């Protein structure tokens, strides 16, 4: 039975499960402009919600969706503003000190989005340039460290969410947008002129996405991991990948045209929660 102070206990006592979600993490957790929060990662959230309803024997359990940001996700998680979220949050050692993560659901490389006809081809070209990044992300940490350690004299602009960062680039307020490659492609898919943007540069890091939940809650993590494991090992995860990464997706019916890496296929065979950092 759920111990006091655990998430399942909180949900049962409050009579509702609070699902944190993203507004601009395409195509993981975002608004489809059809009144729904959708995406590859959100699909796991829905599966986890179903598992919770079953586990607690509450078929009519309330489900409340609350938007979160890269910057406020941990503080909101810690005071229980939301119970868990599946989106584009990187699982790393530092964050494990403040939260817990489910088995890995995606892997990304941190790169740059910039104009095709522009002069930015790699990270070295960013010296003395204006670069935008989303507040509270691993890319912001990496970019600031690179700026300091390599004395790049970059003017770093920190935006509230990925769409804001992209629009900063699109409107000429920055020459490049540094972020997880999948997210860069996601913002490009919503651009006024998608073809005008290229993802370039050597990845500054390889990062694993995991649904995030509160730390020291083994029972809720188990429920989430068990749900993820069945989705991945059954072949359902790949079907979700194809839907969100190989077919037209909202809100502009564009295609990500991504391919599932052999590494991801290996993980789907045997799910695990190892932080890549």
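Residue numbers count along the first chain shown, from 1.
What stretch has the higher average Cα B-factor here, 118-126 or 81-89?
Between 81-89 and 118-126, it is 118-126 that shows the higher mean C-alpha B-factor.
Per the record, averaged over C-alpha atoms, which has the higher B-factor: 226-234 or 23-31?
Between 23-31 and 226-234, it is 226-234.
Of the choices 206, 165, 150, 135, which one's C-alpha carries the largest B-factor in the record?
Each of 206, 165, 150, 135 was compared by C-alpha B-factor; the highest is 150.
According to the deposited entry, which of 171, 139, 72, 196 has the largest Cα B-factor?
Of the candidates given, the C-alpha B-factor peaks at 196.
According to the PDB entry, is the CA B factor of residue 155 in the bottom, middle or top third of its chain, that is, lowest, middle or highest?
Lowest third - that is where residue 155 ends up once the chain's C-alpha B-factors are sorted.
For the chain shown, is the CA B-factor of residue 62 in the lowest, middle or highest third of its modelled residues?
For residue 62, the deposited C-alpha B-factor lands in the middle third.
In terms of the CA temperature factor given in the entry, to which third of its chain does residue 192 belong: lowest, middle or highest?
Within its chain, residue 192 is a highest-third residue by C-alpha B-factor, going by the deposited values.
By its CA B factor, does residue 100 count among the lowest, middle or highest third of the modelled residues in the chain?
Its C-alpha B-factor, which the entry lists for residue 100, ranks in the middle third among residues of this chain.
Please say which third, lowest, middle or highest, residue 46 falls into when its CA temperature factor is compared across its chain.
Ranked within chain, residue 46 CA B lands in the middle tercile.
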